[PDB]
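Text of the file query16.cif, holding mmCIF, N, CA and C atoms:
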```cif
data_protein
#
loop_
_atom_site.label_atom_id
_atom_site.label_comp_id
_atom_site.auth_asym_id
_atom_site.auth_seq_id
_atom_site.Cartn_x
_atom_site.Cartn_y
_atom_site.Cartn_z
N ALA A 51 -9.18 13.35 16.54
CA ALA A 51 -8.59 12.14 17.08
C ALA A 51 -9.36 11.52 18.26
N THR A 52 -9.95 12.34 19.13
CA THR A 52 -10.75 11.85 20.26
C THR A 52 -12.18 11.46 19.88
N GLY A 53 -12.52 11.46 18.59
CA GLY A 53 -13.87 11.17 18.12
C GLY A 53 -14.82 12.35 18.30
N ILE A 54 -16.08 12.16 17.92
CA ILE A 54 -17.12 13.19 17.98
C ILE A 54 -18.42 12.64 18.51
N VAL A 55 -19.29 13.51 19.01
CA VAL A 55 -20.61 13.15 19.51
C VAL A 55 -21.71 13.92 18.79
N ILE A 56 -22.70 13.19 18.29
CA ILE A 56 -23.80 13.67 17.46
C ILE A 56 -25.09 13.67 18.30
N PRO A 57 -25.77 14.81 18.49
CA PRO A 57 -27.03 14.89 19.21
C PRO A 57 -28.20 14.58 18.28
N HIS A 58 -29.35 14.16 18.81
CA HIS A 58 -30.58 13.97 18.03
C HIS A 58 -31.83 14.22 18.87
N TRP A 59 -32.87 14.80 18.26
CA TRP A 59 -34.18 14.94 18.89
C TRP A 59 -35.00 13.67 18.70
N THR A 60 -35.93 13.36 19.60
CA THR A 60 -36.72 12.12 19.49
C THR A 60 -38.14 12.21 20.05
N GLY A 61 -38.43 13.14 20.95
CA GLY A 61 -39.73 13.19 21.63
C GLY A 61 -40.93 13.40 20.71
N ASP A 62 -42.00 12.65 20.96
CA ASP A 62 -43.31 12.75 20.31
C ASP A 62 -44.16 13.87 20.94
N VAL A 63 -43.70 15.12 20.79
CA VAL A 63 -44.40 16.30 21.32
C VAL A 63 -45.84 16.37 20.80
N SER A 64 -46.79 16.72 21.66
CA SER A 64 -48.22 16.53 21.40
C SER A 64 -49.10 17.68 21.92
N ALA A 65 -50.25 17.87 21.27
CA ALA A 65 -51.25 18.87 21.60
C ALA A 65 -52.64 18.35 21.25
N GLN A 66 -53.68 18.79 21.95
CA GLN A 66 -55.02 18.20 21.84
C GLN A 66 -56.11 19.26 21.83
N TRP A 67 -57.25 18.95 21.22
CA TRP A 67 -58.39 19.85 21.18
C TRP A 67 -59.05 19.95 22.55
N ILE A 68 -59.65 21.10 22.86
CA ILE A 68 -60.35 21.36 24.12
C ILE A 68 -61.66 22.11 23.87
N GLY A 69 -62.61 21.98 24.79
CA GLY A 69 -63.73 22.92 24.93
C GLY A 69 -63.40 24.02 25.93
N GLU A 70 -64.25 25.03 26.05
CA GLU A 70 -64.10 26.03 27.10
C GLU A 70 -64.01 25.38 28.49
N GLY A 71 -63.04 25.79 29.29
CA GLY A 71 -62.84 25.31 30.65
C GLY A 71 -62.41 23.84 30.78
N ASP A 72 -62.26 23.09 29.70
CA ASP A 72 -61.96 21.66 29.75
C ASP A 72 -60.47 21.40 30.01
N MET A 73 -60.03 21.58 31.26
CA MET A 73 -58.65 21.96 31.58
C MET A 73 -57.55 21.09 30.93
N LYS A 74 -56.53 21.80 30.45
CA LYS A 74 -55.64 21.49 29.33
C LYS A 74 -54.66 20.33 29.58
N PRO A 75 -54.21 19.61 28.54
CA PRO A 75 -53.30 18.47 28.65
C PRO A 75 -51.85 18.89 28.85
N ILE A 76 -50.99 17.98 29.31
CA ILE A 76 -49.57 18.23 29.61
C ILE A 76 -48.69 17.27 28.81
N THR A 77 -47.53 17.71 28.33
CA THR A 77 -46.64 16.93 27.46
C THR A 77 -45.15 17.15 27.78
N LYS A 78 -44.27 16.23 27.38
CA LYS A 78 -42.82 16.28 27.63
C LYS A 78 -42.04 15.88 26.37
N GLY A 79 -41.03 16.65 25.99
CA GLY A 79 -40.12 16.30 24.89
C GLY A 79 -39.02 15.33 25.32
N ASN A 80 -38.18 14.87 24.39
CA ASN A 80 -37.11 13.90 24.67
C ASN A 80 -35.95 14.01 23.67
N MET A 81 -34.76 13.61 24.09
CA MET A 81 -33.47 13.84 23.42
C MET A 81 -32.58 12.59 23.46
N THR A 82 -31.56 12.51 22.61
CA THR A 82 -30.57 11.41 22.60
C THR A 82 -29.26 11.81 21.93
N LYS A 83 -28.20 11.00 22.05
CA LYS A 83 -26.92 11.22 21.36
C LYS A 83 -26.17 9.92 21.04
N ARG A 84 -25.29 9.98 20.05
CA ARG A 84 -24.42 8.88 19.60
C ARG A 84 -23.00 9.40 19.45
N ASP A 85 -21.99 8.64 19.85
CA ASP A 85 -20.59 9.01 19.67
C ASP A 85 -19.85 8.00 18.79
N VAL A 86 -18.80 8.47 18.12
CA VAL A 86 -18.00 7.66 17.19
C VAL A 86 -16.53 8.07 17.25
N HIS A 87 -15.62 7.11 17.08
CA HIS A 87 -14.17 7.30 17.21
C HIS A 87 -13.42 6.72 16.01
N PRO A 88 -12.31 7.31 15.57
CA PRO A 88 -11.51 6.75 14.50
C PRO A 88 -10.68 5.54 14.96
N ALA A 89 -10.44 4.60 14.05
CA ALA A 89 -9.51 3.48 14.17
C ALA A 89 -8.19 3.77 13.45
N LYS A 90 -7.14 2.99 13.73
CA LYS A 90 -5.81 3.10 13.11
C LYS A 90 -5.59 1.94 12.14
N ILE A 91 -5.02 2.20 10.98
CA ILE A 91 -4.55 1.19 10.03
C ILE A 91 -3.07 1.41 9.74
N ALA A 92 -2.28 0.35 9.66
CA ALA A 92 -0.83 0.47 9.58
C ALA A 92 -0.15 -0.69 8.86
N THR A 93 1.08 -0.48 8.39
CA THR A 93 1.96 -1.54 7.87
C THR A 93 3.43 -1.12 7.89
N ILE A 94 4.36 -2.06 7.82
CA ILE A 94 5.80 -1.83 7.75
C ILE A 94 6.37 -2.67 6.61
N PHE A 95 7.39 -2.19 5.90
CA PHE A 95 8.13 -3.03 4.96
C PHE A 95 9.63 -2.78 5.03
N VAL A 96 10.43 -3.80 4.73
CA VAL A 96 11.85 -3.86 5.08
C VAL A 96 12.68 -4.27 3.88
N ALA A 97 13.87 -3.71 3.71
CA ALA A 97 14.76 -4.03 2.60
C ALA A 97 16.23 -4.02 3.02
N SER A 98 17.10 -4.72 2.31
CA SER A 98 18.54 -4.57 2.53
C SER A 98 18.98 -3.17 2.15
N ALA A 99 20.00 -2.62 2.82
CA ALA A 99 20.50 -1.29 2.46
C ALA A 99 20.94 -1.23 1.00
N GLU A 100 21.49 -2.31 0.45
CA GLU A 100 21.84 -2.36 -0.97
C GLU A 100 20.60 -2.26 -1.86
N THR A 101 19.51 -2.93 -1.52
CA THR A 101 18.26 -2.79 -2.27
C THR A 101 17.79 -1.34 -2.22
N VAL A 102 17.88 -0.66 -1.08
CA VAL A 102 17.48 0.75 -0.99
C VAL A 102 18.39 1.64 -1.82
N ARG A 103 19.70 1.42 -1.75
CA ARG A 103 20.70 2.22 -2.47
C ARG A 103 20.57 2.08 -3.98
N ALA A 104 20.32 0.87 -4.47
CA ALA A 104 20.15 0.61 -5.90
C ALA A 104 18.72 0.86 -6.41
N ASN A 105 17.71 0.74 -5.55
CA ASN A 105 16.28 0.86 -5.87
C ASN A 105 15.89 0.13 -7.16
N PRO A 106 16.05 -1.20 -7.24
CA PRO A 106 15.78 -1.95 -8.45
C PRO A 106 14.31 -1.84 -8.84
N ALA A 107 14.04 -1.73 -10.13
CA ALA A 107 12.69 -1.66 -10.69
C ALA A 107 11.81 -0.54 -10.08
N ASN A 108 12.41 0.46 -9.45
CA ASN A 108 11.72 1.43 -8.60
C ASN A 108 10.79 0.77 -7.57
N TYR A 109 11.22 -0.33 -6.97
CA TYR A 109 10.43 -1.08 -6.00
C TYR A 109 10.00 -0.22 -4.82
N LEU A 110 10.85 0.65 -4.29
CA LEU A 110 10.47 1.47 -3.14
C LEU A 110 9.33 2.42 -3.49
N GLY A 111 9.48 3.23 -4.54
CA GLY A 111 8.41 4.12 -4.97
C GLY A 111 7.14 3.37 -5.35
N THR A 112 7.28 2.18 -5.93
CA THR A 112 6.13 1.32 -6.23
C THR A 112 5.42 0.92 -4.95
N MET A 113 6.13 0.40 -3.96
CA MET A 113 5.55 0.02 -2.67
C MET A 113 4.83 1.18 -2.01
N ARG A 114 5.40 2.39 -2.01
CA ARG A 114 4.75 3.57 -1.41
C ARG A 114 3.37 3.80 -2.01
N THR A 115 3.21 3.68 -3.32
CA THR A 115 1.88 3.80 -3.95
C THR A 115 1.00 2.58 -3.70
N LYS A 116 1.56 1.37 -3.67
CA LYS A 116 0.77 0.15 -3.49
C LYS A 116 0.21 0.06 -2.08
N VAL A 117 0.95 0.41 -1.03
CA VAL A 117 0.38 0.42 0.32
C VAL A 117 -0.69 1.48 0.47
N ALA A 118 -0.55 2.64 -0.16
CA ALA A 118 -1.62 3.64 -0.16
C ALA A 118 -2.89 3.07 -0.81
N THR A 119 -2.73 2.40 -1.95
CA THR A 119 -3.84 1.75 -2.65
C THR A 119 -4.51 0.71 -1.77
N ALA A 120 -3.73 -0.14 -1.11
CA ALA A 120 -4.26 -1.15 -0.21
C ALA A 120 -5.03 -0.52 0.97
N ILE A 121 -4.52 0.56 1.56
CA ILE A 121 -5.17 1.22 2.69
C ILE A 121 -6.53 1.78 2.28
N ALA A 122 -6.64 2.38 1.09
CA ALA A 122 -7.94 2.82 0.59
C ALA A 122 -8.91 1.64 0.39
N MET A 123 -8.47 0.54 -0.21
CA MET A 123 -9.32 -0.63 -0.39
C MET A 123 -9.74 -1.27 0.93
N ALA A 124 -8.89 -1.23 1.96
CA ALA A 124 -9.27 -1.72 3.28
C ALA A 124 -10.40 -0.90 3.90
N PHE A 125 -10.47 0.40 3.63
CA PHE A 125 -11.59 1.21 4.08
C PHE A 125 -12.90 0.79 3.41
N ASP A 126 -12.91 0.58 2.09
CA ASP A 126 -14.13 0.11 1.42
C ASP A 126 -14.57 -1.26 1.91
N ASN A 127 -13.67 -2.24 1.99
CA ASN A 127 -14.05 -3.57 2.45
C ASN A 127 -14.59 -3.54 3.88
N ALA A 128 -14.13 -2.62 4.72
CA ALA A 128 -14.76 -2.41 6.01
C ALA A 128 -16.17 -1.84 5.84
N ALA A 129 -16.33 -0.72 5.15
CA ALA A 129 -17.59 0.01 5.16
C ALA A 129 -18.70 -0.64 4.32
N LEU A 130 -18.38 -1.30 3.22
CA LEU A 130 -19.36 -1.97 2.38
C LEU A 130 -19.78 -3.30 3.00
N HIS A 131 -18.81 -4.14 3.34
CA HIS A 131 -19.02 -5.57 3.59
C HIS A 131 -18.65 -6.03 4.99
N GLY A 132 -18.15 -5.15 5.85
CA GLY A 132 -17.75 -5.51 7.21
C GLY A 132 -16.51 -6.42 7.27
N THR A 133 -15.77 -6.60 6.18
CA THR A 133 -14.90 -7.77 5.99
C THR A 133 -13.81 -7.93 7.05
N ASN A 134 -13.17 -6.82 7.42
CA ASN A 134 -12.15 -6.77 8.46
C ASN A 134 -12.40 -5.59 9.40
N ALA A 135 -13.66 -5.16 9.53
CA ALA A 135 -13.97 -3.87 10.13
C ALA A 135 -13.48 -3.80 11.58
N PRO A 136 -12.72 -2.77 11.97
CA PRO A 136 -12.36 -2.58 13.36
C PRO A 136 -13.61 -2.17 14.14
N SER A 137 -13.71 -2.55 15.41
CA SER A 137 -14.95 -2.42 16.18
C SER A 137 -15.41 -0.98 16.41
N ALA A 138 -14.57 0.02 16.14
CA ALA A 138 -14.93 1.43 16.23
C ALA A 138 -15.79 1.93 15.06
N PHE A 139 -15.79 1.25 13.91
CA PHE A 139 -16.70 1.57 12.80
C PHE A 139 -18.11 1.15 13.19
N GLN A 140 -19.13 1.95 12.88
CA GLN A 140 -20.52 1.62 13.21
C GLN A 140 -21.34 1.40 11.95
N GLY A 141 -21.85 0.18 11.78
CA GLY A 141 -22.63 -0.25 10.62
C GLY A 141 -21.79 -0.55 9.38
N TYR A 142 -22.34 -1.33 8.45
CA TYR A 142 -21.78 -1.56 7.12
C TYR A 142 -22.90 -1.86 6.12
N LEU A 143 -22.76 -1.52 4.84
CA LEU A 143 -23.92 -1.46 3.95
C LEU A 143 -24.58 -2.82 3.73
N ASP A 144 -23.81 -3.90 3.67
CA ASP A 144 -24.36 -5.26 3.55
C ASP A 144 -25.19 -5.69 4.77
N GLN A 145 -25.11 -4.98 5.90
CA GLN A 145 -25.85 -5.31 7.11
C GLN A 145 -27.36 -5.04 7.02
N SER A 146 -27.83 -4.32 6.00
CA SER A 146 -29.25 -3.98 5.87
C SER A 146 -30.15 -5.20 5.65
N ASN A 147 -31.44 -5.06 5.97
CA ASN A 147 -32.43 -6.14 5.93
C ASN A 147 -33.41 -6.04 4.75
N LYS A 148 -33.09 -5.26 3.71
CA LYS A 148 -33.90 -5.13 2.50
C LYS A 148 -33.14 -5.66 1.29
N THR A 149 -33.72 -6.59 0.55
CA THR A 149 -33.12 -7.17 -0.66
C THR A 149 -34.08 -7.06 -1.83
N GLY B 2 22.46 -15.05 7.62
CA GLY B 2 21.65 -14.12 6.81
C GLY B 2 20.19 -14.53 6.76
N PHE B 3 19.58 -14.45 5.58
CA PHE B 3 18.18 -14.82 5.36
C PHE B 3 18.02 -15.61 4.06
N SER B 4 16.88 -16.30 3.93
CA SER B 4 16.58 -17.19 2.80
C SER B 4 16.65 -16.48 1.44
N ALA B 5 16.84 -17.26 0.38
CA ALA B 5 17.14 -16.78 -0.96
C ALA B 5 16.06 -15.85 -1.54
N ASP B 6 14.82 -15.97 -1.08
CA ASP B 6 13.76 -15.01 -1.35
C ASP B 6 12.81 -14.96 -0.15
N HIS B 7 13.29 -14.35 0.93
CA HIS B 7 12.63 -14.40 2.23
C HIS B 7 11.27 -13.71 2.21
N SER B 8 10.33 -14.21 3.00
CA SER B 8 8.91 -13.83 2.90
C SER B 8 8.57 -12.44 3.43
N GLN B 9 9.46 -11.82 4.21
CA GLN B 9 9.20 -10.54 4.88
C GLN B 9 10.22 -9.44 4.58
N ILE B 10 11.27 -9.72 3.81
CA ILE B 10 12.38 -8.78 3.55
C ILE B 10 12.70 -8.76 2.06
N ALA B 11 12.93 -7.59 1.47
CA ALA B 11 13.43 -7.46 0.11
C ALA B 11 14.96 -7.42 0.07
N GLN B 12 15.60 -8.19 -0.81
CA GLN B 12 17.06 -8.28 -0.93
C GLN B 12 17.49 -8.28 -2.39
N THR B 13 18.71 -7.84 -2.70
CA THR B 13 19.24 -7.87 -4.07
C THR B 13 19.22 -9.27 -4.66
N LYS B 14 19.49 -10.30 -3.86
CA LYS B 14 19.44 -11.69 -4.34
C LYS B 14 18.03 -12.25 -4.59
N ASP B 15 16.95 -11.57 -4.22
CA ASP B 15 15.59 -12.09 -4.42
C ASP B 15 15.27 -12.34 -5.89
N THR B 16 14.50 -13.39 -6.18
CA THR B 16 14.14 -13.78 -7.55
C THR B 16 13.39 -12.65 -8.27
N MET B 17 12.61 -11.92 -7.49
CA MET B 17 11.86 -10.72 -7.84
C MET B 17 12.67 -9.67 -8.60
N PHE B 18 13.99 -9.61 -8.43
CA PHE B 18 14.85 -8.63 -9.10
C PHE B 18 15.73 -9.22 -10.21
N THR B 19 15.52 -10.46 -10.63
CA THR B 19 16.18 -10.95 -11.85
C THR B 19 15.82 -10.07 -13.04
N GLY B 20 16.78 -9.82 -13.94
CA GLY B 20 16.63 -8.86 -15.03
C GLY B 20 16.87 -7.40 -14.64
N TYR B 21 17.32 -7.15 -13.42
CA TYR B 21 17.83 -5.87 -12.92
C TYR B 21 19.12 -6.13 -12.14
N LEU B 22 19.93 -5.10 -11.93
CA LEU B 22 21.21 -5.24 -11.22
C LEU B 22 22.20 -6.21 -11.90
N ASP B 23 22.09 -6.39 -13.22
CA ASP B 23 22.99 -7.24 -14.02
C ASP B 23 24.44 -6.72 -13.99
N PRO B 24 25.46 -7.59 -14.01
CA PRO B 24 26.85 -7.16 -14.02
C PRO B 24 27.21 -6.44 -15.32
N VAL B 25 28.03 -5.40 -15.24
CA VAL B 25 28.40 -4.57 -16.39
C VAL B 25 29.43 -5.24 -17.29
N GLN B 26 29.26 -5.20 -18.60
CA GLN B 26 30.22 -5.73 -19.57
C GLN B 26 31.50 -4.87 -19.58
N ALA B 27 32.65 -5.46 -19.28
CA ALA B 27 33.95 -4.79 -19.33
C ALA B 27 34.73 -5.11 -20.61
N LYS B 28 35.84 -4.42 -20.88
CA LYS B 28 36.83 -4.89 -21.87
C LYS B 28 37.60 -6.09 -21.34
N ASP B 29 38.26 -6.85 -22.20
CA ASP B 29 39.15 -7.91 -21.74
C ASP B 29 40.47 -7.33 -21.21
N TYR B 30 40.62 -7.23 -19.89
CA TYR B 30 41.87 -6.77 -19.27
C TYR B 30 43.07 -7.71 -19.49
N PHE B 31 42.86 -8.90 -20.04
CA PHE B 31 43.88 -9.91 -20.26
C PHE B 31 43.98 -10.32 -21.74
N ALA B 32 43.64 -9.41 -22.66
CA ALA B 32 43.80 -9.64 -24.08
C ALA B 32 45.26 -9.91 -24.45
N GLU B 33 45.59 -11.16 -24.74
CA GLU B 33 46.90 -11.55 -25.25
C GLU B 33 47.06 -11.04 -26.68
N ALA B 34 48.07 -10.22 -26.94
CA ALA B 34 48.27 -9.60 -28.24
C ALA B 34 48.51 -10.64 -29.33
N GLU B 35 48.00 -10.39 -30.54
CA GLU B 35 48.15 -11.30 -31.66
C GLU B 35 49.63 -11.53 -31.99
N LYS B 36 49.99 -12.79 -32.25
CA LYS B 36 51.29 -13.14 -32.83
C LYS B 36 51.36 -12.63 -34.27
N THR B 37 52.56 -12.47 -34.80
CA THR B 37 52.75 -12.14 -36.22
C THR B 37 54.04 -12.75 -36.75
N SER B 38 54.14 -12.91 -38.06
CA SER B 38 55.23 -13.64 -38.70
C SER B 38 56.59 -13.07 -38.33
N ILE B 39 57.54 -13.95 -38.01
CA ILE B 39 58.96 -13.62 -37.95
C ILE B 39 59.61 -13.86 -39.31
N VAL B 40 59.21 -14.88 -40.06
CA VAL B 40 59.84 -15.17 -41.35
C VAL B 40 59.68 -13.99 -42.31
N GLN B 41 58.49 -13.41 -42.38
CA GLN B 41 58.23 -12.23 -43.21
C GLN B 41 58.95 -10.98 -42.72
N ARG B 42 59.50 -10.97 -41.51
CA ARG B 42 60.31 -9.87 -40.98
C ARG B 42 61.80 -10.05 -41.29
N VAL B 43 62.33 -11.27 -41.27
CA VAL B 43 63.76 -11.52 -41.55
C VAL B 43 64.08 -11.74 -43.03
N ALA B 44 63.20 -12.39 -43.79
CA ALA B 44 63.49 -12.82 -45.15
C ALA B 44 63.29 -11.70 -46.19
N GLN B 45 64.08 -11.73 -47.25
CA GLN B 45 64.08 -10.70 -48.29
C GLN B 45 62.83 -10.79 -49.18
N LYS B 46 62.01 -9.73 -49.28
CA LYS B 46 60.84 -9.73 -50.18
C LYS B 46 61.23 -9.58 -51.64
N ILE B 47 60.60 -10.36 -52.51
CA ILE B 47 60.71 -10.24 -53.96
C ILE B 47 59.31 -10.10 -54.59
N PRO B 48 59.17 -9.51 -55.78
CA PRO B 48 57.88 -9.41 -56.46
C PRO B 48 57.42 -10.78 -56.95
N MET B 49 56.13 -10.94 -57.22
CA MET B 49 55.55 -12.23 -57.62
C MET B 49 54.37 -12.06 -58.57
N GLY B 50 54.12 -13.06 -59.41
CA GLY B 50 52.91 -13.21 -60.22
C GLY B 50 52.54 -14.68 -60.33
#
```
The structure given in the file should be rewritten as structure tokens.
Amino acid sequence: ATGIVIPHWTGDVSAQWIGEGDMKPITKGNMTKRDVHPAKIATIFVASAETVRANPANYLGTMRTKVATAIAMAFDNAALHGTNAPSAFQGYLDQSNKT
Amino acid sequence: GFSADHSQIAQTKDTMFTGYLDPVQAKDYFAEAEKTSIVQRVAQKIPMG
């Protein structure tokens, strides 16, 4: 829930040829990190108590599956196309510069 | 209350549920019994051809 942090190496570590006594070179490595956090997706739906008691056409059980279906499709439209992406998502596939 | 098919609430009256929740067919609780002949009850029967 608090997100995660990913470490990465980056330094161009280096070494060089020498002759006898040709006093030796010096080098330094380097490091970096990226963090990411989850977003929330939600909805509410409302009915008369008589509609709930009678459950016409199995509308309640239908809605339970249909909102689940919609929530999965909202994840793809975020990650593929950026369409409604919450700002905590990083990158989307249509954002690339190769066609 | 709310509109006949309100945009944010599901109700029994919504158009969406036509063809469900139909009223149940009862017997006729007010069936007036058939009349029948009084003449054929009082008058003397005879054979016929």
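In plain terms, chain B touches chain A through residues 10, 11 and 12 of chain B, where touching means an atom at most 5 Å away, counting only N, CA and C atoms.
Reported to one decimal place, the separation of CA of residue 125 in chain A from CA of residue 112 in chain A is 20.5 Å.
The space separating CA of residue 123 in chain A from atom N of residue 8 in chain B comes to 24.1 Å.
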Using all atoms listed in the file, what does the table of range 103-127 of chain A residues within 8 Å of range 132-148 of chain A look like, with each row giving the shortest atom pair and its distance in Å to one decimal, sorted by chain and ascending number, as a tab-separated table?
```
residue	atom	partner	partner_atom	distance
A:124	C	A:134	N	7.4
A:126	C	A:132	N	6.6
A:127	C	A:133	N	4.0
```
Skipping near chain neighbours, those fewer than 6 positions away, what residues fall within 8 Å of residue 76 in chain A using only N, CA and C atoms, listed as a PyMOL selection string? chain A and resi 64-66
Is it possible to get the axis-aligned box enclosing range 15-32 of chain B (all listed atoms, 5 Å extra per side) as JSON, with centre and edge lengths in Å rounded to one decimal?
```
{"center_x": 28.6, "center_y": -9.1, "center_z": -14.3, "size_x": 43.4, "size_y": 19.4, "size_z": 30.2}
```
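The smallest atom-to-atom distance between residue 87 in chain A and any of A:57, A:52, A:131, A:117, using all atoms listed in the file, is found for A:52.
With atom N of residue 22 in chain B on one side and atom N of residue 121 in chain A on the other, the separation reads 28.5 Å.
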I want to know what sits within 10 Å of residue 5 in chain B, based on only C-alpha atoms, with residues of the same chain fewer than 6 positions away left out; could you give that as a ChimeraX atom specification? /B:12-16
With DSSP run on the backbone, what are the strand (DSSP E) residues within chain A? I'd like them as a PyMOL selection string. chain A and resi 54-59+81-86+96-97
Would you mind writing range 9-27 of chain B with N, CA, C and O atoms, as an mmCIF file, in the frame of the given file?
```cif
data_model
loop_
_atom_site.group_PDB
_atom_site.id
_atom_site.type_symbol
_atom_site.label_atom_id
_atom_site.label_comp_id
_atom_site.auth_asym_id
_atom_site.auth_seq_id
_atom_site.Cartn_x
_atom_site.Cartn_y
_atom_site.Cartn_z
ATOM 1 N N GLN B 9 9.460 -11.820 4.210
ATOM 2 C CA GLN B 9 9.200 -10.540 4.880
ATOM 3 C C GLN B 9 10.220 -9.440 4.580
ATOM 4 O O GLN B 9 10.053 -8.319 5.045
ATOM 5 N N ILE B 10 11.270 -9.720 3.810
ATOM 6 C CA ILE B 10 12.380 -8.780 3.550
ATOM 7 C C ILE B 10 12.700 -8.760 2.060
ATOM 8 O O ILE B 10 12.772 -9.815 1.438
ATOM 9 N N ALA B 11 12.930 -7.590 1.470
ATOM 10 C CA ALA B 11 13.430 -7.460 0.110
ATOM 11 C C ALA B 11 14.960 -7.420 0.070
ATOM 12 O O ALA B 11 15.580 -6.677 0.832
ATOM 13 N N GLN B 12 15.600 -8.190 -0.810
ATOM 14 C CA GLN B 12 17.060 -8.280 -0.930
ATOM 15 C C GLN B 12 17.490 -8.280 -2.390
ATOM 16 O O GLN B 12 16.749 -8.749 -3.246
ATOM 17 N N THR B 13 18.710 -7.840 -2.700
ATOM 18 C CA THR B 13 19.240 -7.870 -4.070
ATOM 19 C C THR B 13 19.220 -9.270 -4.660
ATOM 20 O O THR B 13 18.911 -9.437 -5.832
ATOM 21 N N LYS B 14 19.490 -10.300 -3.860
ATOM 22 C CA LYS B 14 19.440 -11.690 -4.340
ATOM 23 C C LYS B 14 18.030 -12.250 -4.590
ATOM 24 O O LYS B 14 17.928 -13.345 -5.141
ATOM 25 N N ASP B 15 16.950 -11.570 -4.220
ATOM 26 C CA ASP B 15 15.590 -12.090 -4.420
ATOM 27 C C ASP B 15 15.270 -12.340 -5.890
ATOM 28 O O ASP B 15 15.642 -11.574 -6.775
ATOM 29 N N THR B 16 14.500 -13.390 -6.180
ATOM 30 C CA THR B 16 14.140 -13.780 -7.550
ATOM 31 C C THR B 16 13.390 -12.650 -8.270
ATOM 32 O O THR B 16 13.597 -12.401 -9.452
ATOM 33 N N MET B 17 12.610 -11.920 -7.490
ATOM 34 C CA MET B 17 11.860 -10.720 -7.840
ATOM 35 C C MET B 17 12.670 -9.670 -8.600
ATOM 36 O O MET B 17 12.091 -8.922 -9.378
ATOM 37 N N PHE B 18 13.990 -9.610 -8.430
ATOM 38 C CA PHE B 18 14.850 -8.630 -9.100
ATOM 39 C C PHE B 18 15.730 -9.220 -10.210
ATOM 40 O O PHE B 18 16.602 -8.527 -10.726
ATOM 41 N N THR B 19 15.520 -10.460 -10.630
ATOM 42 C CA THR B 19 16.180 -10.950 -11.850
ATOM 43 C C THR B 19 15.820 -10.070 -13.040
ATOM 44 O O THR B 19 14.698 -9.573 -13.148
ATOM 45 N N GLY B 20 16.780 -9.820 -13.940
ATOM 46 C CA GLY B 20 16.630 -8.860 -15.030
ATOM 47 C C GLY B 20 16.870 -7.400 -14.640
ATOM 48 O O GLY B 20 16.679 -6.502 -15.470
ATOM 49 N N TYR B 21 17.320 -7.150 -13.420
ATOM 50 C CA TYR B 21 17.830 -5.870 -12.920
ATOM 51 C C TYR B 21 19.120 -6.130 -12.140
ATOM 52 O O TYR B 21 19.373 -7.249 -11.704
ATOM 53 N N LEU B 22 19.930 -5.100 -11.930
ATOM 54 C CA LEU B 22 21.210 -5.240 -11.220
ATOM 55 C C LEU B 22 22.200 -6.210 -11.900
ATOM 56 O O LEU B 22 23.078 -6.778 -11.251
ATOM 57 N N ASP B 23 22.090 -6.390 -13.220
ATOM 58 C CA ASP B 23 22.990 -7.240 -14.020
ATOM 59 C C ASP B 23 24.440 -6.720 -13.990
ATOM 60 O O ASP B 23 24.654 -5.507 -14.005
ATOM 61 N N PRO B 24 25.460 -7.590 -14.010
ATOM 62 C CA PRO B 24 26.850 -7.160 -14.020
ATOM 63 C C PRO B 24 27.210 -6.440 -15.320
ATOM 64 O O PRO B 24 26.763 -6.831 -16.398
ATOM 65 N N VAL B 25 28.030 -5.400 -15.240
ATOM 66 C CA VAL B 25 28.400 -4.570 -16.390
ATOM 67 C C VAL B 25 29.430 -5.240 -17.290
ATOM 68 O O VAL B 25 30.412 -5.797 -16.794
ATOM 69 N N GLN B 26 29.260 -5.200 -18.600
ATOM 70 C CA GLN B 26 30.220 -5.730 -19.570
ATOM 71 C C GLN B 26 31.500 -4.870 -19.580
ATOM 72 O O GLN B 26 31.439 -3.687 -19.900
ATOM 73 N N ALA B 27 32.650 -5.460 -19.280
ATOM 74 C CA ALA B 27 33.950 -4.790 -19.330
ATOM 75 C C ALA B 27 34.730 -5.110 -20.610
ATOM 76 O O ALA B 27 34.346 -6.002 -21.373
#
```
